[PDB]
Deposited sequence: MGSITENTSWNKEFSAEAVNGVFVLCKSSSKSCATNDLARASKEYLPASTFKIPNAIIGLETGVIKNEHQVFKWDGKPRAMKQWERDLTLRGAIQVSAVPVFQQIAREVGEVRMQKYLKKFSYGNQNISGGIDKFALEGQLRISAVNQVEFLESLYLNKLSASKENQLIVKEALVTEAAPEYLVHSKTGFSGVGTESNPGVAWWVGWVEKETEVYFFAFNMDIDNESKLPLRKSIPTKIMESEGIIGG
């Protein structure tokens, strides 16, 4: 059950942004959003696909365990932070695409296909697979509860890998995504998805927006944060 909240439309209007935020307490059986229509509309997952990819990599034993080191082959890559040896968390945090391209190559298209169906994930950083903000939140819940078709052990490994902010009374698991600058008529998409544990409570969130100007990128974080802080979540 998803319900519409117009009280935050001042932020989207002031920033000239077309996007959607979905935030749920306890269980994804009652969520809130700024745009009902967009909440269920499906966009390219971009780098948020690293989450299911990592689970599948470990399930198939392509990634041997949590302590796996992905050696850099020494060839130039697209960004500097990727030009080094990386751990699972390292590769997820700097978002090193070639590391995860290589994992998926070994997994094979047919195996990946199957597990995705199994996870109810969705319909690459540009392909044929798309996912909604409602879909993302339902998937992240299952991961938190250990409910995915995967060993409990492997879901825990990816759960720790996704930790982005830690405090004595709250913990944040999250991942950004960004498909690239687009046209006014063919815009890119930016993502931030995750969940917050606070007190004995748990909050699931997923945000996306169109992006035709690169400098509008920080708003994928500032807007969801303005909201979540106003709710007393962080």
Open item on the list: Lining up the deposited sequence with the coordinates, I want the ranges that have no C-alpha atoms.
Closed with: 1 to 2, 126 to 135, 247 to 248
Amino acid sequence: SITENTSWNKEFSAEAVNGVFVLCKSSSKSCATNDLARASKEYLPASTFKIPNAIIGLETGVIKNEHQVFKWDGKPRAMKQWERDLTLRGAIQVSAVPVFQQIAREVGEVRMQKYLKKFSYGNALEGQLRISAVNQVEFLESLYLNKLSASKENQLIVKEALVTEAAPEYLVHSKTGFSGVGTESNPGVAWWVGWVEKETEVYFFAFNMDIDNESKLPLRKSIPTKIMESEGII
From here on, numbers count along this sequence of modelled residues.
Task: 109 to 117 versus 87 to 95 - greater average Cα B-factor per the deposited record - done: 109 to 117
TODO: Taking the mean of the C-alpha B-factors per stretch from the entry, tell me the winner out of 70 to 78 and 125 to 133.
DONE: 70 to 78
- [ ] Sort the modelled residues of this chain by their C-alpha B factor and say whether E169 lands in the lowest, middle or highest third.
- [x] highest
Task: Chain thirds of CA B-factor: placement of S30 - done: highest
- [ ] Determine, from the deposited record, the chain-internal third of the Cα B-factor for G61: lowest, middle or highest.
- [x] lowest
